[PDB]
Each structure stands twice: as C-alpha cells, then as structure tokens.
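For reference, upload38.txt (compact mmCIF, C-alpha atoms):
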```txt
# COMPACT_ATOMS: atom_id res chain seq x y z
CA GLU A 1 -11.21 6.80 -22.87
CA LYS A 2 -8.63 4.08 -22.21
CA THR A 3 -5.63 6.40 -22.00
CA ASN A 4 -7.44 8.99 -19.88
CA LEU A 5 -8.20 6.14 -17.49
CA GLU A 6 -4.64 4.79 -17.45
CA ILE A 7 -3.34 8.16 -16.29
CA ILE A 8 -6.14 8.73 -13.78
CA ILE A 9 -5.58 5.31 -12.21
CA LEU A 10 -1.83 5.87 -11.88
CA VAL A 11 -2.49 9.09 -9.96
CA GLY A 12 -4.86 7.36 -7.55
CA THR A 13 -2.56 4.36 -7.18
CA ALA A 14 0.47 6.57 -6.56
CA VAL A 15 -1.22 8.51 -3.75
CA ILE A 16 -2.57 5.37 -2.09
CA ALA A 17 0.88 3.79 -2.23
CA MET A 18 2.48 6.81 -0.57
CA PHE A 19 -0.06 6.64 2.25
CA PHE A 20 0.46 2.95 3.01
CA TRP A 21 4.21 3.59 3.11
CA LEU A 22 3.98 6.40 5.67
CA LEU A 23 1.24 4.67 7.66
CA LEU A 24 3.30 1.47 7.69
CA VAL A 25 6.28 3.34 9.14
CA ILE A 26 4.27 4.91 11.96
CA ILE A 27 2.81 1.51 12.85
CA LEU A 28 6.22 -0.16 12.99
CA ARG A 29 7.48 2.83 14.98
CA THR A 30 5.01 2.50 17.85
CA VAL A 31 5.41 -1.28 17.78
CA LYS A 32 9.20 -1.07 17.93
CA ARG A 33 8.96 1.43 20.78
CA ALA A 34 7.06 -1.05 22.95
CA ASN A 35 9.45 -3.91 22.19
CA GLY A 36 12.16 -1.91 23.94
CA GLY A 37 10.38 -0.85 27.10
CA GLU B 1 5.06 2.19 -25.78
CA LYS B 2 2.83 4.39 -23.62
CA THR B 3 -0.12 2.00 -23.51
CA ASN B 4 2.04 -1.08 -22.95
CA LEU B 5 3.48 0.78 -19.96
CA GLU B 6 0.11 1.86 -18.59
CA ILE B 7 -1.03 -1.76 -18.41
CA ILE B 8 2.27 -3.04 -17.02
CA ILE B 9 2.29 -0.43 -14.26
CA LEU B 10 -1.29 -1.24 -13.25
CA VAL B 11 -0.36 -4.90 -12.80
CA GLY B 12 2.60 -4.03 -10.60
CA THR B 13 0.60 -1.46 -8.65
CA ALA B 14 -2.29 -3.87 -8.13
CA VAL B 15 -0.05 -6.59 -6.69
CA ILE B 16 1.80 -4.18 -4.40
CA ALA B 17 -1.52 -2.81 -3.14
CA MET B 18 -2.80 -6.29 -2.32
CA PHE B 19 0.35 -7.02 -0.31
CA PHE B 20 0.17 -3.85 1.79
CA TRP B 21 -3.46 -4.66 2.55
CA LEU B 22 -2.75 -8.17 3.82
CA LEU B 23 0.46 -7.13 5.59
CA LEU B 24 -1.39 -4.23 7.22
CA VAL B 25 -4.02 -6.62 8.59
CA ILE B 26 -1.47 -8.99 10.12
CA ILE B 27 0.30 -6.06 11.77
CA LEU B 28 -2.91 -4.69 13.29
CA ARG B 29 -3.80 -8.23 14.34
CA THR B 30 -0.71 -8.83 16.48
CA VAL B 31 -0.96 -5.29 17.83
CA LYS B 32 -4.62 -5.68 18.76
CA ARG B 33 -3.84 -9.00 20.43
CA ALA B 34 -1.39 -7.36 22.84
CA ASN B 35 -3.78 -4.52 23.69
CA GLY B 36 -6.10 -7.10 25.21
CA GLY B 37 -3.68 -9.12 27.30
```
The structure given in the file should be rewritten as structure tokens.
Amino acid sequence: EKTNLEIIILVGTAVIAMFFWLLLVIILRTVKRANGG
Amino acid sequence: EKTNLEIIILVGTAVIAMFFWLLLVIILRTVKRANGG
C-alpha cells in the first residue's frame, strides 16, 4: 500500500542518511590529518 | 496530515541523498588525485 511504502522508505532513507554522515566525517578526518603534516 | 508529510519528507530526503552522493564523489576525487602524485 501507499502508506506502508511511505514508512518503509523513511526507514531506509534514515539509515542511509546516518551512514553518509558518519562516513563523511571519517573522510574529512583523514583528509584534515594530512593537511597538517 | 500524515500522507502530506510522507511525500514532503521523501522530497527532502531525495535531494539530500543526491547531494551527499555528488559531494562524496568530489571528495574521493581530490583524495585519489593526491594518492597518485
């Protein structure tokens, strides 16, 4: 159903968003570490 | 309403997801460029 899908999607979108956030931090971390020396 | 929200959220989540994707690529691009020399 439409609703059932709306909820399901949100769950999948929420998890994916959390990952990108964490992954993005780690990436910027290693990159910022090299900039220093 | 619930539905109205479900749709709205999706739109916002879709856009944010597209950004992270592109931004992630650019980041890995500059990082991969340095790895080479």
Please produce chain B as a PDB file with C-alpha atoms, in the frame of the given file once it has been superposed on chain A, the fit using all Cα atoms paired in sequence order.
```pdb
ATOM      1  CA  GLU B   1     -11.159   6.795 -22.889  1.00  0.00           C
ATOM      2  CA  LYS B   2      -8.593   4.063 -22.233  1.00  0.00           C
ATOM      3  CA  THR B   3      -5.586   6.372 -22.007  1.00  0.00           C
ATOM      4  CA  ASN B   4      -7.394   8.977 -19.908  1.00  0.00           C
ATOM      5  CA  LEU B   5      -8.175   6.135 -17.502  1.00  0.00           C
ATOM      6  CA  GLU B   6      -4.635   4.770 -17.445  1.00  0.00           C
ATOM      7  CA  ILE B   7      -3.305   8.138 -16.292  1.00  0.00           C
ATOM      8  CA  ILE B   8      -6.113   8.726 -13.796  1.00  0.00           C
ATOM      9  CA  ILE B   9      -5.608   5.315 -12.201  1.00  0.00           C
ATOM     10  CA  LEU B  10      -1.855   5.853 -11.860  1.00  0.00           C
ATOM     11  CA  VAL B  11      -2.468   9.086  -9.954  1.00  0.00           C
ATOM     12  CA  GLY B  12      -4.861   7.391  -7.555  1.00  0.00           C
ATOM     13  CA  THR B  13      -2.587   4.377  -7.163  1.00  0.00           C
ATOM     14  CA  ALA B  14       0.461   6.558  -6.543  1.00  0.00           C
ATOM     15  CA  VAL B  15      -1.235   8.516  -3.754  1.00  0.00           C
ATOM     16  CA  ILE B  16      -2.607   5.389  -2.076  1.00  0.00           C
ATOM     17  CA  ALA B  17       0.844   3.790  -2.207  1.00  0.00           C
ATOM     18  CA  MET B  18       2.455   6.807  -0.557  1.00  0.00           C
ATOM     19  CA  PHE B  19      -0.088   6.668   2.273  1.00  0.00           C
ATOM     20  CA  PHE B  20       0.426   2.973   3.027  1.00  0.00           C
ATOM     21  CA  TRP B  21       4.168   3.600   3.129  1.00  0.00           C
ATOM     22  CA  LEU B  22       3.956   6.414   5.674  1.00  0.00           C
ATOM     23  CA  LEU B  23       1.210   4.700   7.684  1.00  0.00           C
ATOM     24  CA  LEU B  24       3.246   1.484   7.706  1.00  0.00           C
ATOM     25  CA  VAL B  25       6.242   3.339   9.151  1.00  0.00           C
ATOM     26  CA  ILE B  26       4.250   4.926  11.975  1.00  0.00           C
ATOM     27  CA  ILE B  27       2.777   1.540  12.872  1.00  0.00           C
ATOM     28  CA  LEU B  28       6.183  -0.155  13.003  1.00  0.00           C
ATOM     29  CA  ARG B  29       7.473   2.824  14.976  1.00  0.00           C
ATOM     30  CA  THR B  30       5.013   2.520  17.864  1.00  0.00           C
ATOM     31  CA  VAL B  31       5.398  -1.257  17.793  1.00  0.00           C
ATOM     32  CA  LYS B  32       9.189  -1.081  17.895  1.00  0.00           C
ATOM     33  CA  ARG B  33       8.995   1.412  20.753  1.00  0.00           C
ATOM     34  CA  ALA B  34       7.107  -1.058  22.951  1.00  0.00           C
ATOM     35  CA  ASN B  35       9.485  -3.925  22.159  1.00  0.00           C
ATOM     36  CA  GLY B  36      12.226  -1.956  23.880  1.00  0.00           C
ATOM     37  CA  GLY B  37      10.475  -0.888  27.058  1.00  0.00           C
TER      38      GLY B  37
END
```
Up to 9 Å from chain A, what residues of chain B turn up? Count all atoms listed in the file and give them as a compact mmCIF listing (two decimals) with C-alpha atoms, in the coordinates of the input.
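Saved file part_29.txt follows:
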```txt
# COMPACT_ATOMS: atom_id res chain seq x y z
CA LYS B 2 2.83 4.39 -23.62
CA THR B 3 -0.12 2.00 -23.51
CA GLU B 6 0.11 1.86 -18.59
CA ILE B 7 -1.03 -1.76 -18.41
CA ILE B 9 2.29 -0.43 -14.26
CA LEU B 10 -1.29 -1.24 -13.25
CA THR B 13 0.60 -1.46 -8.65
CA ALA B 14 -2.29 -3.87 -8.13
CA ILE B 16 1.80 -4.18 -4.40
CA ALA B 17 -1.52 -2.81 -3.14
CA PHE B 20 0.17 -3.85 1.79
CA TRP B 21 -3.46 -4.66 2.55
CA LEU B 24 -1.39 -4.23 7.22
CA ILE B 27 0.30 -6.06 11.77
CA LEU B 28 -2.91 -4.69 13.29
CA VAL B 31 -0.96 -5.29 17.83
```
What is the atom CA of residue 29 of chain A-atom CA of residue 36 of chain B distance in Å, reported with one decimal? 19.7 Å
Step by step, gather every atom of segment 3-16 of chain A that the file lists, find the box along x, y and z that holds them, add 6 Å on each side, and finally give centre and edge lengths in Å to one decimal, as JSON.
```
{"center_x": -3.9, "center_y": 6.7, "center_z": -12.0, "size_x": 20.7, "size_y": 16.7, "size_z": 31.9}
```
Assuming the input is short of atoms at segment 10-37 of chain B, produce N, CA and C atoms for that part as an mmCIF file, in the coordinates of the input.
```cif
data_model
loop_
_atom_site.group_PDB
_atom_site.id
_atom_site.type_symbol
_atom_site.label_atom_id
_atom_site.label_comp_id
_atom_site.auth_asym_id
_atom_site.auth_seq_id
_atom_site.Cartn_x
_atom_site.Cartn_y
_atom_site.Cartn_z
ATOM 1 N N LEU B 10 -0.086 -0.834 -13.966
ATOM 2 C CA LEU B 10 -1.290 -1.240 -13.250
ATOM 3 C C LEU B 10 -1.094 -2.590 -12.572
ATOM 4 N N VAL B 11 -0.600 -3.562 -13.333
ATOM 5 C CA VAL B 11 -0.360 -4.900 -12.800
ATOM 6 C C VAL B 11 0.547 -4.853 -11.581
ATOM 7 N N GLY B 12 1.664 -4.142 -11.705
ATOM 8 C CA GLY B 12 2.600 -4.030 -10.600
ATOM 9 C C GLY B 12 2.012 -3.289 -9.416
ATOM 10 N N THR B 13 1.224 -2.257 -9.698
ATOM 11 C CA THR B 13 0.600 -1.460 -8.650
ATOM 12 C C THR B 13 -0.488 -2.253 -7.931
ATOM 13 N N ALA B 14 -1.220 -3.062 -8.690
ATOM 14 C CA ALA B 14 -2.290 -3.870 -8.130
ATOM 15 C C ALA B 14 -1.742 -4.899 -7.140
ATOM 16 N N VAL B 15 -0.671 -5.581 -7.535
ATOM 17 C CA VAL B 15 -0.050 -6.590 -6.690
ATOM 18 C C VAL B 15 0.491 -5.968 -5.402
ATOM 19 N N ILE B 16 1.224 -4.868 -5.546
ATOM 20 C CA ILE B 16 1.800 -4.180 -4.400
ATOM 21 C C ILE B 16 0.710 -3.736 -3.424
ATOM 22 N N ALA B 17 -0.405 -3.260 -3.966
ATOM 23 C CA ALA B 17 -1.520 -2.810 -3.140
ATOM 24 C C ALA B 17 -2.110 -3.960 -2.337
ATOM 25 N N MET B 18 -2.254 -5.114 -2.978
ATOM 26 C CA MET B 18 -2.800 -6.290 -2.320
ATOM 27 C C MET B 18 -1.920 -6.725 -1.153
ATOM 28 N N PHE B 19 -0.609 -6.633 -1.346
ATOM 29 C CA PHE B 19 0.350 -7.020 -0.310
ATOM 30 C C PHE B 19 0.204 -6.123 0.917
ATOM 31 N N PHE B 20 0.289 -4.815 0.702
ATOM 32 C CA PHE B 20 0.170 -3.850 1.790
ATOM 33 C C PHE B 20 -1.099 -4.095 2.598
ATOM 34 N N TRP B 21 -2.186 -4.402 1.900
ATOM 35 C CA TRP B 21 -3.460 -4.660 2.550
ATOM 36 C C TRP B 21 -3.360 -5.834 3.515
ATOM 37 N N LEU B 22 -2.897 -6.971 3.006
ATOM 38 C CA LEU B 22 -2.750 -8.170 3.820
ATOM 39 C C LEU B 22 -1.748 -7.940 4.951
ATOM 40 N N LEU B 23 -0.585 -7.401 4.603
ATOM 41 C CA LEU B 23 0.460 -7.130 5.590
ATOM 42 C C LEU B 23 -0.058 -6.195 6.680
ATOM 43 N N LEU B 24 -0.832 -5.192 6.279
ATOM 44 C CA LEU B 24 -1.390 -4.230 7.220
ATOM 45 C C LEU B 24 -2.310 -4.924 8.224
ATOM 46 N N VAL B 25 -3.099 -5.875 7.735
ATOM 47 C CA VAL B 25 -4.020 -6.620 8.590
ATOM 48 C C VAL B 25 -3.271 -7.416 9.646
ATOM 49 N N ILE B 26 -2.272 -8.175 9.208
ATOM 50 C CA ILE B 26 -1.470 -8.990 10.120
ATOM 51 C C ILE B 26 -0.846 -8.130 11.212
ATOM 52 N N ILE B 27 -0.331 -6.968 10.824
ATOM 53 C CA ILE B 27 0.300 -6.060 11.770
ATOM 54 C C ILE B 27 -0.699 -5.593 12.830
ATOM 55 N N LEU B 28 -1.871 -5.156 12.381
ATOM 56 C CA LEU B 28 -2.910 -4.690 13.290
ATOM 57 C C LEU B 28 -3.449 -5.833 14.140
ATOM 58 N N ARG B 29 -3.327 -7.053 13.625
ATOM 59 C CA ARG B 29 -3.800 -8.230 14.340
ATOM 60 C C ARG B 29 -2.948 -8.498 15.577
ATOM 61 N N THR B 30 -1.636 -8.581 15.379
ATOM 62 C CA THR B 30 -0.710 -8.830 16.480
ATOM 63 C C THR B 30 -0.723 -7.684 17.479
ATOM 64 N N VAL B 31 -0.920 -6.469 16.977
ATOM 65 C CA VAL B 31 -0.960 -5.290 17.830
ATOM 66 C C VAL B 31 -2.226 -5.251 18.669
ATOM 67 N N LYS B 32 -3.338 -5.660 18.068
ATOM 68 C CA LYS B 32 -4.620 -5.680 18.760
ATOM 69 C C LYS B 32 -4.675 -6.814 19.778
ATOM 70 N N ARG B 33 -3.881 -7.853 19.539
ATOM 71 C CA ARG B 33 -3.840 -9.000 20.430
ATOM 72 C C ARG B 33 -3.146 -8.646 21.746
ATOM 73 N N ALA B 34 -2.139 -7.784 21.661
ATOM 74 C CA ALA B 34 -1.390 -7.360 22.840
ATOM 75 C C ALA B 34 -2.209 -6.378 23.678
ATOM 76 N N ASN B 35 -2.955 -5.508 23.004
ATOM 77 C CA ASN B 35 -3.780 -4.520 23.690
ATOM 78 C C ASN B 35 -4.722 -5.185 24.682
ATOM 79 N N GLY B 36 -5.192 -6.380 24.333
ATOM 80 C CA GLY B 36 -6.100 -7.100 25.210
ATOM 81 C C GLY B 36 -5.397 -7.665 26.428
ATOM 82 N N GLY B 37 -4.409 -8.525 26.201
ATOM 83 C CA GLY B 37 -3.680 -9.120 27.300
ATOM 84 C C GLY B 37 -3.313 -10.570 27.040
#
```
